[PDB]
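Shown next, in structure tokens, is the structure this report addresses.
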Amino acid sequence: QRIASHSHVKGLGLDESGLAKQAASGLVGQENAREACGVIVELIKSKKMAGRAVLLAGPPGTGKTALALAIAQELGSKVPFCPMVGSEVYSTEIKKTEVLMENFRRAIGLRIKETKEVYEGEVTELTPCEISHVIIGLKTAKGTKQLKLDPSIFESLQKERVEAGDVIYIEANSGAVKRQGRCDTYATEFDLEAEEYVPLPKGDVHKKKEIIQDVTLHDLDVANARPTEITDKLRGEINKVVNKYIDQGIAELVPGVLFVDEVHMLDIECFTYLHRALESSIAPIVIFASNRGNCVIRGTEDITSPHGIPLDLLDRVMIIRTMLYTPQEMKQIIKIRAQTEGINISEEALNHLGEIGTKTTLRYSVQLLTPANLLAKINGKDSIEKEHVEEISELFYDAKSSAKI
Amino acid sequence: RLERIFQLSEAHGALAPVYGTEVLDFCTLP
Amino acid sequence: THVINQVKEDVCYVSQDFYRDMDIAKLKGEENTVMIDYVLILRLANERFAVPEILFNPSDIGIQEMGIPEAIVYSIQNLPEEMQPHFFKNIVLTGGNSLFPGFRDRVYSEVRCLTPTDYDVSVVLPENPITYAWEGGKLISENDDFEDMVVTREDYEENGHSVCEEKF
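Chains as they are written, first to last, in the entry's author numbering: chain A, 13 to 142, 154 to 250, 269 to 446; chain H, 1900 to 1929; chain G, 199 to 238, 267 to 394.
The structure is reproduced here in structure tokens:
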């Protein structure tokens, strides 16, 4: 199944009353932050509040990325979730303001389920006998039909090779995709026609297909700008046509959710565009993440501010606290990886690995869980014993023992 | 038994230009 | 010329597809779907569906056609232009070559591709028609219509040979 680094996330475990369970979907800890993120996912699912900002204040090494992934998995596939690395902003050819604004347009999306009839082409109905009137038959495996087409489609027909045995896909907006060499063309058992040899296209003539599709506005802007957007003519036209599409009853808007990591490592001009553009009435909700604490804002060289965030940006932002843990549940979290791994472990090796986890950090034990099972597979043991983990604790060193040597 | 089949064929051949005018309305009004 | 007729009537049948059953017929070193015995026996190969393939495509000889599926569609264009659903919607399979299994579905699938979907077609293969004109002759002779139009002697001598044309 190709399990990634963390695959514990399958939910967030919120009940109807609004309580937080002790162990739900491998997310043990922080019931206050559990309720604080339940409030904001209810705010996302309520579809009434846009223009908010969430900061996850905590020490480095708590696992707030798993909390954001739990938010994204509770939302699922309906709400578009696009995380942004802080190093995705520093571009060379495109300015950073436009990158942040295009991320804000990646947030906002719509869904306008529709229809589309397929035509699929007969074999040979090249009848230009009028040019306004073209008769094209169809010979599919279900049977034969005919249709009259206005001259165009035919002007797309003579552009491509229309010979004995071709496919003609005709869309609703005169979008013709054509092939060559179908059905049968083996006349005298001769050489290559150098075409595509496809069997019979089983299926009838007239289907009525319905697809629910989520469309982002940035793909719309890319498809409309080409045959840095103007904020007086282009995006206002997009806003007007989306207003017309939702007033006629075609598309349905969904709110935008973003998640930004290493926010404090951005430039101060990105900050003064960020807390100016989140003041708009159309601004999506963006969950910010600050990694380290009190440092210097990039571009100031003297201004001291907490969490690397200026005073104008630190205001009007909700703050959720994520503190450290207690060691007596660390052996539980390793167990959450064990049922993810598929190989059961013993009881004393869990104790030694929990001792190594409470020695320096939990992530060191989580990363050493994999070579323990690897040496258990090499040596032939069905479970992980204490000798393999006590050998891999001495063979592989962390940053503290590397700074000690 | 053919007359109901001819009525259904005329029904399809009457509803198909209705969908054609619907395509023209969704392509020429917005 | 008599045991081979029994092999044709007992072993040979009409397959579904010709190219697909040619693709499957290779690497037949262990699959018990092709080889079968009779009475020399003298083990046979995959020609049990290539023989009824001649009726569907005569291209191996080069006499006339390359099937049967297309001539019925290319031939029946008559006054029944208002009479064409009178024509095609009643197909009667009879004779001696319709004894092979797998014939009805393949003939229906080959005539379905060249005739419209909305036409309520019906391809019916009964179980009786080994002697089917005999059944028609014994049905008409018992439905008291033979004595109404009688064409015999008393009329062959009074009218020389002009007696079996206007009546039948």
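Virtual Cβ for every residue (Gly too), placed ideally from N, Cα, C.
Min CB distance residue i to chain G below 9 Å
| i | result |
| --- | --- |
| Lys376/A | no |
| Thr163/A | yes |
| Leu1923/H | no |
| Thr208/A | no |
| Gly88/A | no |
| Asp189/A | no |
| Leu1901/H | yes |
| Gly226/A | no |
| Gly23/A | no |
| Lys125/A | no |
| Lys168/A | yes |
| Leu1928/H | no |
Cβ-Cβ distance between residue i and residue j below 9 Å
| i | j | result |
| --- | --- | --- |
| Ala119/A | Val298/A | yes |
| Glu137/A | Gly166/A | no |
| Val295/A | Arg123/A | yes |
| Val190/A | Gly133/A | yes |
| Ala271/G | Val232/G | yes |
| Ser406/A | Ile361/A | no |
| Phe314/G | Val347/G | yes |
| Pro412/A | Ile384/A | no |
Whole-angstrom distance between residue j and residue i, CA atom to CA atom
| i | j | result |
| --- | --- | --- |
| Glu110/A | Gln289/A | 31 Å |
| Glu310/A | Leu68/A | 22 Å |
| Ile287/A | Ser346/A | 44 Å |
| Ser29/A | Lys59/A | 21 Å |
| residue 457/A | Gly38/A | In this structure chain A extends from 13 to 446, so residue 457/A is not present and cannot be described. |
| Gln373/A | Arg14/A | 23 Å |
| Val358/A | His316/A | 10 Å |
| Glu1902/H | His229/A | 22 Å |
| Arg404/A | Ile397/A | 10 Å |
| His429/A | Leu416/A | 7 Å |
| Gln214/G | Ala292/A | 47 Å |
| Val282/A | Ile176/A | 28 Å |
| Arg184/A | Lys201/A | 8 Å |
| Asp219/G | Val237/G | 25 Å |
| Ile344/A | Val101/A | 23 Å |
| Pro1929/H | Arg117/A | 23 Å |
| residue 12/A | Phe282/G | No answer is possible for residue 12/A: the residues shown for chain A start at 13 and end at 446. |
| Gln408/A | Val97/A | 23 Å |
| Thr127/A | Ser89/A | 21 Å |
| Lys231/A | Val212/G | 36 Å |
| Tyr334/G | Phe216/G | 16 Å |
| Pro342/G | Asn316/G | 14 Å |
| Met375/G | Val337/G | 39 Å |
| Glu303/A | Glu178/A | 54 Å |
N- and C-terminal bounds of the beta strand (DSSP E) containing residue i
| i | result |
| --- | --- |
| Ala195/A | Looking at the DSSP string, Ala195/A is not in any beta strand (DSSP E), and its letter there is neither H nor E. |
| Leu161/A | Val157 to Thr163 |
| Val135/A | Element bounds for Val135/A: n/a, residue is neither H nor E. |
| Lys168/A | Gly166 to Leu172 |
| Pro95/A | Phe93 to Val97 |
Minimum Cβ-Cβ distance from residue i to chain A less than 9 Å
| i | result |
| --- | --- |
| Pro1916/H | no |
| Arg330/G | no |
| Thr199/G | no |
| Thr231/G | no |
| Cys339/G | yes |
| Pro342/G | yes |
N- and C-terminal bounds of the alpha helix (DSSP H) containing residue i
| i | result |
| --- | --- |
| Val190/A | Element bounds for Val190/A: n/a, residue is neither H nor E. |
| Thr1927/H | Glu1902 to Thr1927 |
| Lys108/A | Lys108 to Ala119 |
| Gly50/A | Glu43 to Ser58 |
| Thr77/A | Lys76 to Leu87 |
| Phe313/G | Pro306 to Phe314 |
| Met220/G | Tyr217 to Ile222 |
| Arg249/A | Taken as a continuous stretch (DSSP letters only), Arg249/A belongs to no alpha helix (DSSP H), as it is neither H nor E. |
| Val283/A | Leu275 to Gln289 |
Chain H within 9 Å of residue i, Cβ atoms only
| i | result |
| --- | --- |
| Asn280/A | no |
| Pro311/G | yes |
| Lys285/A | yes |
| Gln289/A | yes |
| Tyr345/G | yes |
| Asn115/A | no |
| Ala195/A | yes |
Residue i Cβ short of 8 Å to the ligand FAD heavy atom set
| i | result |
| --- | --- |
| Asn280/A | Although the ligand FAD was asked about, the structure shown includes no ligands whatsoever. |
- What runs of the beta strand (DSSP E), each 3 residues or longer, lie entirely inside the segment 307 to 343 of chain A? 326 to 330
- Inside the segment 376 to 406 of chain A only - beta strand (DSSP E) runs reaching at least 3 residues: none
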